[PDB]
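Trainee: The structure under discussion is supplied below as structure tokens; questions concerning it will follow.
Counting neighbours? That spans all protein chains shown, and the Cβs are built from the backbone with ideal geometry, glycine included. Nothing in this text is a laboratory measurement; each read-out follows from the coordinates by a stated rule.
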Amino acid sequence: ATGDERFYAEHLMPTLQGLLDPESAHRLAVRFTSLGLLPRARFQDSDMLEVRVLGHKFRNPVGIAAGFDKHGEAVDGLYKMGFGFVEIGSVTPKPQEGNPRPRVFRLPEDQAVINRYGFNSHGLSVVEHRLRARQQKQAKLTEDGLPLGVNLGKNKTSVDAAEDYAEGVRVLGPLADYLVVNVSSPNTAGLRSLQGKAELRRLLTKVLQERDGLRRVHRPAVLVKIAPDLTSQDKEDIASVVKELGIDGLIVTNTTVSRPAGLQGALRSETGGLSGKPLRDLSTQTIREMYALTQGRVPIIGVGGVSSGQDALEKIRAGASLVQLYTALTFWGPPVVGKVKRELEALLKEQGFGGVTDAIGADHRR
Ligand SMILES: Cc1cc2nc3c(=O)[nH]c(=O)nc-3n(C[C@H](O)[C@H](O)[C@H](O)COP(=O)(O)O)c2cc1C
Ligand SMILES: C/C(=C/CC/C(C)=C/Cc1c(O)c(Cl)c(C)c(C=O)c1O)[C@H](C)O
Ligand SMILES: O=C(O)c1cc(=O)[nH]c(=O)[nH]1
């Protein structure tokens, strides 16, 4: 390990967290990142970490999960941090405030967070203009193995969920390498019901028609982000719809409304989605299930509790082609990105994989 990793993890981050409420801390993190005020990213990505998936090259398989940069303000700073790809959002069609404060909570004893933001969003028009200001810069980044994802949500008061997602495809689709249909936020009433077979089929048919209507150079992959709290029936149904419609991939998983036995944080019974270590293995097992149900033919972005190279490799071996993290960044700071990549490379070598690609779904072939 490096000195930076230790300093951030043991001293700087815990000290700053002791001084700032979680939302203020988040806002400062976005601001600092957007301005490029970050420790020097020492880790050079090796060829072993390159993944080709979703019609793109990814320089490394470690991305920033949705919810950190909700409004597309810090994309370049996130690449500077060493992320192989950036996902922004969720973005709603109209601007909306989200829930009253406080709405984010740290569980330090669990290395977890609970949030109930409720899709606070600058809205499609603001984010569209923000991305347009760097659209050609992004085109070059994408070509150089650094793709951009855009995660779409729906407004609280909308009377037509499918039309909300359709508007997101039309407005932000042309600026994204991939789009995410987020039907798994636990913080918007009725949203998770869109994961049901009939609702999902209707919704995704509309989303895919809108995507297919975009010009070729502006036509993103479409992925669906799912909950960790689905029944076996729900998962079978999602896999069936994914295959029927030719959905490009899955993001597995969002936060959990479960509260695993053993949580110690004083704030464990706050309403919202739980992220970080207590989610890790629930997410891994959901990746494992979804990979098997889709016969390994549908790319999966694995997310939930990734804080180390071992966490990343477990999700990759379970069937993820790429991974994302968020909560680990909140505890360990920017050095966690290089840490995960360096550990992942070392483990791939130790386990006799030629690269990340060889390890994808390896557990299913044991
Ligand atoms: C504060 C916070 C805000 C989030 N906002 C979003 C969001 O807007 N859209 C989304 O799809 N996921 C959102 N997520 C979920 C993350 O993208 C990710 O699925 C989840 O936190 C698991 O990863 P982690 O354990 O590495 O944080 C959010 C998570 C947190 C902690
Ligand atoms: C350059 C940086 C300075 C960070 C200062 C700080 C105090 C971060 C903790 C933190 C939290 O405590 C919490 Cl609760 C959240 C949600 C977030 C959400 O992002 C979060 O970043 C970052 C590391 O990129
Ligand atoms: O905005 C939020 O509350 C939010 C959205 C989401 O998809 N996941 C999450 O944990 N929080």
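Trainee: Given 0.36 nm per residue, what is the gain on full extension from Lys197 to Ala266 after removing their alpha carbon distance, in nm?
Mentor: 21.1 nm
Trainee: Then there's this: Give the peptides 93-100, 131-138, 338-345, 225-232 in descending order of average Cβ contacts within 10 Å, highest first.
Mentor: 338-345, 225-232, 93-100, 131-138
Trainee: Compute the semi-axes of the equivalent ellipsoid of the chain, taking the square root of 5 times each eigenvalue of the Cα gyration tensor, and list them largest first in whole Å.
Mentor: For the chain, the ellipsoid semi-axes come out as 27, 24, 22 Å.
Trainee: Only counting other Cβ atoms within 10 Å, I'd like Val306, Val180 sorted with the fewest neighbours first.
Mentor: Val180, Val306
Trainee: Also: Quick check: convex hull over the Cα atoms of the range 1-146, volume per residue in Å³, rounded to an integer?
Mentor: Taking only Cα atoms, the range 1-146 has a hull volume of 138 Å³ per residue.
Trainee: Work out, step by step, the length gained on full extension between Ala362 and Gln233: first 0.36 nm times the residue separation, then minus their alpha carbon distance; give nm to one decimal.
Mentor: 43.9 nm
Trainee: Okay, next question. Suppose only helical runs count, i.e. DSSP H with n ≥ 4. What mean residue ellipticity at 222 nm does that imply for the chain under -39500 (n - 2.57) per run, divided by all residues and rounded to the nearest 500 deg cm²/dmol?
Mentor: Mean residue ellipticity, 222 nm, calculated: -11500 deg cm²/dmol.
Trainee: For the pair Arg215/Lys243, report the inter-label distance in nm, with labels modelled 7 Å from Cα in the Cβ direction.
Mentor: It works out to 3.7 nm between the two label points.
Trainee: Let me ask you something else. log₁₀ I(q)/I(0) of the range 92-223 at q = 0.13, 0.15, 0.18, 0.22 Å⁻¹, via Debye over equal Cα point scatterers, no solvent, to two decimals?
Mentor: -0.61, -0.79, -1.04, -1.29
Trainee: Using only the C-alpha atoms of the range 182-227, find the volume of their convex hull and express it per residue in Å³.
Mentor: Hull volume over Cα atoms, normalised by residue count, gives 72 Å³.
Trainee: Over the alpha carbons of the range 28-83, what is the largest minus smallest coordinate on each principal axis, giving the biggest first in Å?
Mentor: Projected onto its principal axes, the Cα set of the range 28-83 covers 33, 25, 13 Å.
Trainee: Given H placed on each backbone N at 1.01 Å, which residues far from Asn120 in sequence or on other chains put an amide H within less than 5 Å of it?
Mentor: Long-range HN contacts for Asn120: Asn99.
Trainee: Quote the Stokes-Einstein diffusion coefficient, in whole µm² s⁻¹, for the range 144-291, based on the Kirkwood radius over alpha carbon pairs, a temperature of 25 °C and a viscosity of 0.890 mPa s.
Mentor: 152
Trainee: Oh, and also: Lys94: which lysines have alpha carbons under 25 Å from its alpha carbon, excluding same-chain residues fewer than 8 sequence positions away?
Mentor: Straight-line reach from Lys94, under 25 Å: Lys70, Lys154, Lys156, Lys206, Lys225.
Trainee: Another one. Highest mean first, what order results for 144-152, 258-266 on Cβ atoms within 10 Å?
Mentor: 144-152, 258-266
Trainee: So how do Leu179, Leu200 line up by other beta-carbon neighbours within 10 Å, fewest first?
Mentor: If I rank by nearby Cβ atoms, fewest first, I get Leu200, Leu179.
Trainee: Continuing with this model, one more query. Can you tell me the equivalent ellipsoid semi-axes for the range 227-366? Use √(5λ) from the Cα gyration tensor, largest first, whole Å.
Mentor: 24, 22, 11
Trainee: Using the basic label-point model (7 angstrom from Cα toward the beta carbon), what is the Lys206 to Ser24 distance in nanometres?
Mentor: Calculated label separation equals 4.2 nm.
Trainee: Considering the zone a paramagnetic label at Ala292 would reach in this model (a point 7 Å from Cα along the Cα-to-Cβ line), which residues of the range 333-366 have amide N under 13 Å from it?
Mentor: Inside the label zone: 363-366.
Trainee: Using alpha carbon centroids, what distance separates the range 235-311 and the range 2-21, in Å?
Mentor: 28
Trainee: A follow-up question, please. Using a cut-off of 16 Å between alpha-carbon atoms, which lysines can reach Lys140, once sequence neighbours fewer than 8 places away in the same chain are excluded?
Mentor: Reachable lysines: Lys57, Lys80.
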